[PDB]
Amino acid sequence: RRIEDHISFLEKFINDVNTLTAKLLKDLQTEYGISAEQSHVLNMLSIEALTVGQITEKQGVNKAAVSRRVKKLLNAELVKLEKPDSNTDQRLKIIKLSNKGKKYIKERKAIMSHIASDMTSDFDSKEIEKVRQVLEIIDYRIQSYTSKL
């Protein structure tokens, strides 16, 4: 009820961020020849290099579709196929960003930062910090809970 309304507000809030994001980024994506979700993959890999398998369940959806979008990015040359080994090799391919992929990620960050900043310039810095602290522990708990299924 209580917690049920908080959960409902968090869904609306995330959905609203997604909706603003998509609209602010439609032009940039269009410039690079990619869709919103291909763009998502690029945001995940700007965090770290990954393999199709690692990004599939960590977004949790049908295996093939993700494979498709990684193939589309490779041919758009926004991403690369590497083997920077120093850890038990089985069979697998490491996917990381090309330098055009990082250029996009920086165009995207600058657009998100200006808008986030503008909408937040009247806020009290210590108030935002306290809020982040609370979401940091929620993030932490979500993460550890997920690791246990």
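Quick note: we count residues from 1 along the sequence shown, nothing fancier. C-alpha atoms forming the largest set that superposes within 1.5 Å between two forms make up the rigid core.
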Checklist entry - Do you reckon 101-109 or 52-60 strays further from the shown form in 8 other deposited structures of this protein, measuring C-alpha RMS after a core fit? => result 52-60
Item to check | Segment of greater CA departure in 8 other deposited structures of this protein, 5-13 or 136-144, core superposed | outcome: 136-144
Checklist entry - In at least a third of the other compared PDB entries, does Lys83 have no coordinates? => result yes
Checklist entry - Among the other entries of this protein that model both neighbours of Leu92, is it absent from at least a third? => result yes
Checklist entry - Mean CA B-factor: is it higher for 65-73 or for 28-36? => result 65-73
Next on the checklist: Averaging CA B factors per stretch from the PDB record, which one is higher: 98-106 or 76-84?
Outcome noted: 76-84
Next on the checklist: Checking the record values for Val41, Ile111, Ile47, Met119, which has the greatest CA B factor?
Outcome noted: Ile47
